[PDB]
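Here's the structure, in structure tokens; my notes come after.
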Number of protein chains: 2
Amino acid sequence: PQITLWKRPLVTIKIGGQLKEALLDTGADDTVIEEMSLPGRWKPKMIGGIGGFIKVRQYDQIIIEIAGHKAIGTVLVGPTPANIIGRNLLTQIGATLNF
Amino acid sequence: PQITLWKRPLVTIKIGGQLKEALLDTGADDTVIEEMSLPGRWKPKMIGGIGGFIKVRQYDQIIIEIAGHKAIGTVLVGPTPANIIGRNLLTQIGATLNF
Ligand SMILES: CCCC[C@H](NC(=O)[C@H](C)NC(=O)[C@H](CCC(=O)O)NC(=O)[C@H](Cc1ccccc1)NC[C@H](CC(C)C)NC(=O)[C@@H](NC(=O)[C@@H](N)CCCNC(N)=[NH2+])C(C)C)C(N)=O
Ligand SMILES: [Cl-]
Ligand SMILES: [Cl-]
Ligand SMILES: [Cl-]
Ligand code: NA
């Protein structure tokens, strides 16, 4: 699809069998989602945003559907103001920015 | 252009007569620039993201050149870790996400 930016670019995602809303975020290196349970082991990561740094849980090789497109990759879990789909998974679904 | 997202979508901007590098951020409602002086009146604002909130100065009707495209709108100025072009100006240069 072609998504204009007059509103937040919110899409439905599916992760763990659960549907959630997430923001397509070209300004995010990584994908970050609100607290939820994911399978497997996790590793620590610190990420930065506009207000400073937070600790998150890094889960690798997680199956996630984004706007009906399948991705398998790293998902960070932690106290984020919004579920965000970052460039690691935007590249998997072939997204580009155009103007 | 068409910008792929293998790397951060960084562009050159001109604001207040200054050249800066900035990130095209579809996950940002607002445009936020590192500390600088801008003309006219401003008002205080709090903006949030990962890590919490920062206090910024809100200037309205500011013109910015983004990768050669002029746009006008509100620019926020404050202690942001990165210069960010948000949706309020991305819309004006006709930026879309496509996949
Ligand atoms: C080479 C990598 C080294 C570092 C490596 N990476 C990072 O930490 C990278 C740089 N961080 C980022 O890319 C993070 C996203 C998290 C992540 O990807 O991990 N990006 C971001 O946080 C970018 C801006 C940014 C970019 C780079 C540096 C700093 C800031 N903004 C995304 C963020 C989304 C929002 C839902 C929380 N938007 C914002 O922060 C904007 N905020 C807004 O638009 C708000 N009004 C809306 C949400 C807030 N909620 C609320 N008020 N209830 C703001 C810029 C005007 C790491 N630490 O592992
Ligand atoms: Cl990944
Ligand atoms: Cl505006
Ligand atoms: Cl349009
Ligand atoms: Na003004």
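In the structure tokens, chains take letters A, B, ... by order of appearance, with residues numbered from 1 within each chain and ligands from 1 in the order shown.
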Per-residue nearest contacts of chain B to ligand 4 (12 Å; only C-alpha atoms and all ligand atoms) as CSV:
```
residue,atom,partner,partner_atom_place_in_ligand_line,distance
B:87,CA,ligand 4,1 (Cl),11.7
B:89,CA,ligand 4,1 (Cl),11.9
B:90,CA,ligand 4,1 (Cl),10.1
B:91,CA,ligand 4,1 (Cl),6.7
B:92,CA,ligand 4,1 (Cl),8.1
B:93,CA,ligand 4,1 (Cl),9.0
B:94,CA,ligand 4,1 (Cl),5.8
B:95,CA,ligand 4,1 (Cl),8.0
B:96,CA,ligand 4,1 (Cl),8.3
B:97,CA,ligand 4,1 (Cl),11.6
```
C-alpha RMSD, in-order pairing, chain B superimposed onto chain A:
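For chain A versus chain B, the C-alpha RMSD is 0.4 Å.
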Spatial neighbours of segment 5-19 of chain A, max dist 10 Å, only C-alpha atoms, sep filter under 3 positions, as an MDAnalysis selection string
(chainID A and resid 2 22:25 36:39 62:70 75 83:85) or (chainID B and resid 26:29 86:92 94:97)
Using DSSP on the backbone, list every residue of chain A that comes out as helix (DSSP H, G or I), and give them as number ranges by chain.
A: 87-90
Which residues in chain B does DSSP call strand (DSSP E or B)? List them as number ranges by chain.
B: 2-4, 10-15, 18-24, 32-33, 42-49, 52-66, 69-77, 84-85, 96-98
Nearest to ligand 3: which of B:35, B:77, B:99, B:61 is it, counting only C-alpha atoms and all ligand atoms?
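Closest candidate: B:61.
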10 Å contact set for residue 41 of chain A, only C-alpha atoms, chain neighbours under 5 positions out, as a list in words
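The filter keeps residues 57, 58, 59 and 60 of chain A.
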Selected residues, C-alpha atoms, written as a PDB file, in the first residue's frame, please.
```pdb
ATOM      1  CA  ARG A  57      14.296  -7.448  26.658  1.00  0.00           C
ATOM      2  CA  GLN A  58      15.650  -8.589  23.321  1.00  0.00           C
ATOM      3  CA  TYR A  59      13.979 -11.614  21.721  1.00  0.00           C
ATOM      4  CA  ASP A  60      15.513 -12.838  18.491  1.00  0.00           C
TER       5      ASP A  60
END
```
Measure the distance from atom CA of residue 53 of chain B to atom CA of residue 32 of chain A in Å and round it to one decimal.
17.7 Å
Looking at B:47, B:56, B:79, B:98, which one is nearest to chain A, with distances taken over only C-alpha atoms?
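Among B:47, B:56, B:79, B:98, it is B:98 that comes nearest to chain A.
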Atom CA of residue 80 of chain B to atom CA of residue 31 of chain A: how many Å, to one decimal?
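Atom-to-atom, atom CA of residue 80 of chain B and atom CA of residue 31 of chain A are spaced 20.4 Å apart.
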So the first atom is atom 41 (C, counted along the ligand's line) of ligand 1 and the second is atom CA of residue 49 of chain B; what is the distance between them in Å, to one decimal place?
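Pair atom 41 (C, counted along the ligand's line) of ligand 1 / atom CA of residue 49 of chain B returns 5.1 Å.
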I need the residue nearest chain B from this list: A:20, A:74, A:50, A:82. Use only C-alpha atoms for the distance.
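Among the listed residues, A:50 lies closest to chain B.
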Of the candidates B:76, B:33, B:21, B:81, which one gets nearest to residue 46 of chain B if we count only C-alpha atoms?
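So, comparing all the options, the nearest one is B:76.
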